[PDB]
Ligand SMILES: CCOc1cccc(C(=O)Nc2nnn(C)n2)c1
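Take a look at this single chain, the form deposited without the ligand, given in structure tokens.
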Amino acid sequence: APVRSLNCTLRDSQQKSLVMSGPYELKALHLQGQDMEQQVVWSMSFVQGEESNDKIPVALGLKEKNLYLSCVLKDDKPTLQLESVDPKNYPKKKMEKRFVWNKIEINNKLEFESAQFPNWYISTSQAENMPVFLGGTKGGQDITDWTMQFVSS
């Protein structure tokens, strides 16, 4: 097949799950039991780019939906957003740079660094039910570590 993908869910190091807040926004919160069902399921694609043993470029989109995690400048600052794309042309092996994320395997966790903006990571707040955002600080007050779970697809 052209581009390879696998389905998964993501949780931050504080065990918070992701749910689609608005139409183009994600929020992180502690979920368990029935609520679990609300969590977003992703289709992670292995696209083209600078690769390494612990740095794999990927694209992140919602499963079965033409929505992808993108990186753009807003108020002179790298920002995260969910972007709509033509459902016929995606996903592809050569994704536009703003859609590429470097999946980094640290200790036993994962970090998602923007390919566009070096050292900017998909982060979550310690707080409950807050938006997921792009952060440029490491080891600070915000969470930048994740674990992924593979789903039967």
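In case it trips you up, residue 1 is the first one in the sequence shown, and so on.
The same protein also has a form deposited with the ligand bound, omitted here; what follows describes it.
When the ligand is superposed onto this form from its pose in the bound PDB entry, none of its atoms lies within 2.4 Å of a backbone or C-beta atom, and the site is open.
By the criterion of a heavy atom within 4.5 Å, residue 142 is excluded from the residues contacting the ligand in the bound PDB entry. When the ligand is considered in the bound PDB entry, residue 136 lies well away from it, no heavy atom lying within 4.5 Å. Shown without its partner, the chain has 69, 80, 81, 82 in segment 68 to 98 as residues with a non-hydrogen atom within 4.5 angstroms of the ligand in the bound PDB entry.
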